[PDB]
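These notes concern the structure reproduced below.
For the numbers below, each heavy atom of this structure counts, side chains included, while hydrogens, waters and symmetry mates do not. Counting from 1, the numbers follow the sequence of the chain as shown.
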Amino acid sequence: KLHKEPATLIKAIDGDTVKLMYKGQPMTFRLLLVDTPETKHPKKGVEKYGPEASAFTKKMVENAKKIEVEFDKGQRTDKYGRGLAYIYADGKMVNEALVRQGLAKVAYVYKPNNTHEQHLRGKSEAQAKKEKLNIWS
Ligand SMILES: Cc1cn([C@H]2C[C@H](OP(=O)(O)O)[C@@H](COP(=O)(O)O)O2)c(=O)[nH]c1=O
Ligand SMILES: [Ca+2]
């Protein structure tokens, strides 16, 4: 029952937050189930691998032919008005790619928006951990 819908990139902001045109409306999207390191907020500062995660997401969405968003089963926006979705760049989930590279942690799992939680934890993050990649080094 989850389905992918088209969207158009407006601009990548950091590793886990991107602005997209979705159904004619400009919106900020925040990637479900992950957290890339901080690059903007003063209380946190530039966290290690924050710049790298931002560069990674920007490259991925900017070089994509097709961007798709897939909402989960619960809330579609968070308290800041950001769309909560799994985002796909030519069919590759950016959320998963970041976790697989050790550039993001599985975080903020709020049910019922947890459909891909087991794959992201058990496969992608577990593998990044085993390889000691980037945040896991
Ligand atoms: C990913 C995600 C984040 N959030 C909220 C939790 C955090 O709130 P707080 O600002 O109160 O800590 C914040 C983390 O996002 P950032 O990583 O963009 O800061 O966004 C949700 O409410 N739902 C989600 O699914
Ligand atoms: Ca973040």
Side-chain angles (χ1 to χ4, degrees):
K1 54 188 301 282
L2 299 201
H3 52 300
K4 297 180 190 53
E5 302 178 60
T8 299
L9 177 71
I10 293 175
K11 69 163 292 187
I13 292 164
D14 73 342
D16 59 19
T17 304
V18 289
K19 298 195 188 281
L20 306 171
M21 199 74 111
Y22 170 69
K23 276 168 177 165
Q25 163 80 38
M27 278 179 71
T28 305
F29 279 78
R30 170 65 168 81
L31 296 187
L32 278 173
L33 300 189
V34 304
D35 187 30
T36 48
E38 187 58 58
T39 62
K40 302 296 165 74
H41 195 286
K43 186 271 127 293
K44 264 170 167 184
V46 179
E47 300 190 306
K48 202 189 184 203
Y49 297 108
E52 291 59 43
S54 299
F56 188 93
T57 300
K58 182 185 176 65
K59 253 47 70 182
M60 193 166 178
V61 294
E62 285 182 353
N63 291 113
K65 302 184 285 183
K66 291 176 167 175
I67 295 296
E68 290 170 290
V69 299
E70 173 185 74
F71 290 103
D72 210 322
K73 299 182 199 290
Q75 287 151 275
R76 289 173 167 202
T77 59
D78 65 8
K79 58 179 166 192
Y80 301 102
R82 300 179 298 183
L84 295 173
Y86 301 110
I87 291 181
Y88 295 83
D90 290 322
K92 288 146 285 168
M93 202 196 296
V94 175
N95 316 49
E96 185 261 282
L98 286 160
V99 178
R100 177 58 182 90
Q101 290 298 299
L103 291 176
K105 295 164 168 291
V106 174
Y108 303 115
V109 183
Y110 299 109
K111 282 153 169 289
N113 283 346
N114 67 327
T115 296
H116 295 305
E117 179 191 10
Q118 197 197 203
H119 164 58
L120 295 180
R121 287 190 180 290
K123 183 167 177 287
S124 313
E125 197 186 57
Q127 199 58 30
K129 278 183 178 164
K130 289 151 83 176
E131 299 173 5
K132 308 302 216 299
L133 285 182
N134 291 316
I135 56 185
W136 306 120
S137 60

What's the spacing between [X] [atom1] and [Y] [atom2] if we round to 0.5 Å?
X	Y	atom1	atom2	value
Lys123	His119	NZ	NE2	5.0 Å
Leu32	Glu117	CG	CD	11.5 Å
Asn95	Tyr86	CG	OH	7.5 Å

### Message
Walk me through whether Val18 and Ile87 qualify under side chain to side chain contact (heavy atoms under 4.5 Å, CB included).
### Response
CA-CA 9 Å; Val18 289; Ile87 291 181; 3.6 Å; yes

#### Entry: Residues that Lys48 engages under side chain to side chain contact (heavy atoms under 4.5 Å, CB included), provided they are two or more places apart
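Once residues adjacent in sequence are excluded, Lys48 has no partner under the side chain to side chain contact (heavy atoms under 4.5 Å, CB included) criterion.
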
Sequence neighbours left out, what passes side chain to side chain donor-acceptor pair (under 3.5 Å) with [X]? Give chain and number order.
X	value
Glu47	none
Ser54	none
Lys130	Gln127
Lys65	none

#### Entry: Other cluster members, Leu133 - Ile/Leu/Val/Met/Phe/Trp/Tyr, side-chain contacts below 4.5 Å
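In the cluster with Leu133 there is nothing else; it is isolated.
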
### Task
Could you pull out the closest heavy-atom pair between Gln75 and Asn113, with the gap in Å?
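Nearest heavy atoms, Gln75 then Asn113: O-ND2, 2.9 Å.
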
### Message
How close do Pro112 and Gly74 get, counting heavy atoms only, and between which atoms?
### Response
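Result for this residue pair: CG-CA, 3.8 Å.
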
Report the residues that fulfil salt bridge (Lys or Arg N to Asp or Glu O under 4.0 Å) with [X], sequence neighbours left out, ordered by chain and then residue number.
X	result
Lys4	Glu70
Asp78	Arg82
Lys129	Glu125
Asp72	none

### Task
Hey, can you tell me if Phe29 and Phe71 have their rings parallel, tilted or perpendicular (30° and 60° cut-offs)?
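Answer is tilted, since the angle falls between 30° and 60°.
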
### Message
Please determine whether side chain to side chain contact (heavy atoms under 4.5 Å, CB included) holds for the pair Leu84 and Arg30, giving the CA-CA distance in whole Å, both sets of side-chain angles, and the decisive distance to 0.1 Å.
### Response
CA-CA 5 Å; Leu84 295 173; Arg30 170 65 168 81; 4.2 Å; yes

### Query
Any side-chain heavy atom of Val69 within less than 4.5 Å of one from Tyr22?
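Yes; the side chains approach each other to less than 4.5 Å.
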
#### Entry: Pairwise side-chain contact, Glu38 with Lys40, heavy-atom cut-off 4.5 Å (strictly under)
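Counting from C-beta outward, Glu38 and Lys40 do come under 4.5 Å.
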
### Message
Are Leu98 and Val46 linked, directly or through intermediate hydrophobic residues, by side-chain heavy-atom contacts shorter than 4.5 Å (ILVMFWY only)?
### Response
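Different clusters.
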
### Message
Could you see if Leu31 belongs to whatever hydrophobic cluster contains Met21? Use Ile, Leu, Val, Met, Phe, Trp, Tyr and a side-chain cutoff under 4.5 Å.
### Response
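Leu31 does not cluster with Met21.
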
### Exceeds 12 heavy-atom contacts within 6.0 angstrom, atom CD of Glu5
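Enclosed: over 12 neighbouring heavy atoms sit under 6.0 Å from CD of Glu5.
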
### Query
For atom NZ of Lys59, is the number of surrounding heavy atoms from other residues, nucleotides or ligands below 6.0 Å larger than 12?
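Yes, the 6.0 Å shell around NZ holds more than 12 heavy atoms from other groups.
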
What side-chain donor-acceptor pairs closer than 3.5 Å can you find for residues 7-14, not counting sequence neighbours?
unit_1 : atom_1 : unit_2 : atom_2 : d
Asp14  : OD1    : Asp16  : N      : 3.2
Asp14  : OD1    : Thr17  : N      : 2.9
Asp14  : OD1    : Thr17  : OG1    : 3.2

Could you pull out all donor-acceptor pairs under 3.5 Å where a side-chain atom in residues 100-111 meets a protein atom, sequence neighbours excluded?
unit_1 : atom_1 : unit_2 : atom_2 : d
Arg100 : NH1    : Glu131 : OE1    : 2.9
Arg100 : NH2    : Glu131 : OE1    : 3.3
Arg100 : NH2    : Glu131 : OE2    : 2.9

### Task
Using only heavy-atom distances, determine whether the side chains of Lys19 and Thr28 contain a donor-acceptor pair under 3.5 Å.
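Indeed, the side chains of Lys19 and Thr28 share at least one donor-acceptor pair under 3.5 Å.
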
#### Entry: Option from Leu33, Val34, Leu120 for which side-chain contact (heavy atoms from CB on, under 4.5 Å) with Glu96 holds
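The passing option is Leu120.
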
#### Entry: Donor-acceptor contact below 3.5 Å, side chain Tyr88 vs main chain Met93
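Absent.
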
